[PDB]
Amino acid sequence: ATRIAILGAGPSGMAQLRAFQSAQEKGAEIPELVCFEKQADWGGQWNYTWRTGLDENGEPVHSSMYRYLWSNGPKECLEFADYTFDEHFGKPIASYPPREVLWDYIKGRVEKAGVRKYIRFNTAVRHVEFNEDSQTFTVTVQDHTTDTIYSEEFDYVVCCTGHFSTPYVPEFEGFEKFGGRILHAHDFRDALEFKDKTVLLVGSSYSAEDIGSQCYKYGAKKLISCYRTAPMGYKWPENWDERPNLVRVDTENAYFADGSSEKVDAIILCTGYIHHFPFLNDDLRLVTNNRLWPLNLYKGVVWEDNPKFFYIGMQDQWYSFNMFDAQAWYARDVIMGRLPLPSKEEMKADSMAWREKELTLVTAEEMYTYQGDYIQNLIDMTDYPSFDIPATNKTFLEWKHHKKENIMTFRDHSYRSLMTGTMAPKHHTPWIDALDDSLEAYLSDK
């Protein structure tokens, strides 16, 4: 029988399992599946941990997610086309659910799919090697439950290990002398730790504004955002200052290209992440900056130097969960022989055409629309439930407008589901006052 290795059981790994299960449910014969996951449970980023740095087994802590994290875009923009919010929750819910609520949702799909049986948890992928003599992959893993290292043979490999977990952490002059905490966004966990404190937020990557917003919400004395890029455009609260790039620090103070100086209690480097695959040699290893179109990926999924190796979710993310679905459905159909691949030259030429287009994008609206077009291209090739992508783009547009109107209240807005048409109700508590982040409090009418 054909054997598939799925690396990671986050949203992308779960999507790959769901894809194969969906084909089987429709009556098709699917290959044997093995999914490796270093954590004790599925959900990837969405599986919260108090741990930072290295985990219970000495593996790098994967999740970058923090307490009180809520959906950053409308839930309506990440809804599964094959498993709606209506089906899972049985009632309408607001448009920006807390982490635990969205975790419950993504788990619900694969729980009902019955795919947990394919996953080996607490198992870290150590190496993937392609054997030219057999046309198969040797995947070496460390099972931390047995404390054993073993390897198995696989015909295809799908890498779903994410790219928002290995931090890019630049040093600034004086960091060794600084008296307060220095952490990366990746280590940020509890905004309460910074109550009545002055927090310096360095950079403009994914979590810069939200981490600042959490610190604000949970009672930080002052926030300072310093970054090299163009103004974020947002009207910050009274106790929140903006600065140009940080230059140096001392024992207590930060110094900027401004010439200005200020006392800071903690520094949070919101400087992003690197694509990091220590289990892969250079023949298979994706090397790219975070962007909408990394090269060497045919249809953004197929590794062009070895078309039996696949990557899911390695692009920067406006769309997320239903993008991973589109990708997983495509990867499944290629593996199952339903979508034969063109030549290596033909693959590269297609990938370059998408790259050329990527380089022309100049607005946020053009960016998510480009990703929408990419997803539309993927779903047209498979049996993934068709959904309204132009209407999803307009929801993103509305979300963008809401952030412009007020950066602290954008999460209080409601949107129409594009799968069911369900109009999300107003939440029972404004975001700024909703200090309890639990699933229980969110789903309760109070």
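All residue numbers are counted from 1 along the displayed sequence.
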Subject >> Average Cα temperature factor in the PDB entry - higher stretch of 273-281, 133-141 >> reply: 133-141
Original post:
Is the mean CA B factor in the deposited entry higher across 430-438 or across 9-17?
Top reply: 430-438
**OP:** Tell me, please, which of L292, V125, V264, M323 has the highest C-alpha B factor according to the deposited entry?
**Re:** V264
Original post:
Which one of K91, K217, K75, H163 shows the top CA temperature factor in the record?
Top reply: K91
**OP:** Would you mind checking where the Cα B-factor of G174 ranks among the modelled residues of its chain, as the lowest, middle or highest third?
**Re:** middle
Original post:
In terms of the CA temperature factor given in the entry, to which third of its chain does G180 belong: lowest, middle or highest?
Top reply: middle
Subject >> Entry-reported Cα temperature factor of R338, expressed as the chain third it lands in >> reply: highest
Original post:
Taking the C-alpha B-factors as the PDB entry records them, is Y206 in the lowest, middle or highest third of its chain?
Top reply: middle
**OP:** Within this chain's modelled residues, let me know which third the CA B factor of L102 belongs to: lowest, middle or highest.
**Re:** lowest
